[PDB]
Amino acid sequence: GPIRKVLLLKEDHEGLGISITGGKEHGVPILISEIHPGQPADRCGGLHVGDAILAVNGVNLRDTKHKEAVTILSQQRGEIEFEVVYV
């Protein structure tokens, strides 16, 4: 699908509210496999199961290994911009 830019707002006591799978070592993008109800990704409205996360706050995630992506994603705070695409 089309590449989208999506804003997520979260407070410091929360996680993103997603599960991810995939990663470069598996030959696939970082993929959202769950959107947890009521948590920030759900609340922001623009992130969905099946989205590939291409970047976060300008950090490319296209060739990142699974755990690299976990570290990068969990470091982001506050107003967080995602670049995502549904395939």
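All residue numbers refer to positions in the sequence shown, first residue = 1.
_Mean C-alpha temperature factor, higher of 51-59 and 34-42_ = On average, C-alpha B-factors are higher across 51-59.
_Record-listed C-alpha B factor of residue 79: chain third_ = CA B-factor rank for residue 79: middle third.
*If you rank every modelled residue in this chain by C-alpha B factor, which third holds residue 68: lowest, middle or highest?*
For residue 68, the deposited C-alpha B-factor lands in the lowest third.
*Where the record places residue 3 (Cα B-factor, split into thirds across the chain)*: For residue 3, whose C-alpha B-factor we compare with every modelled residue in the chain, the answer is the highest third.
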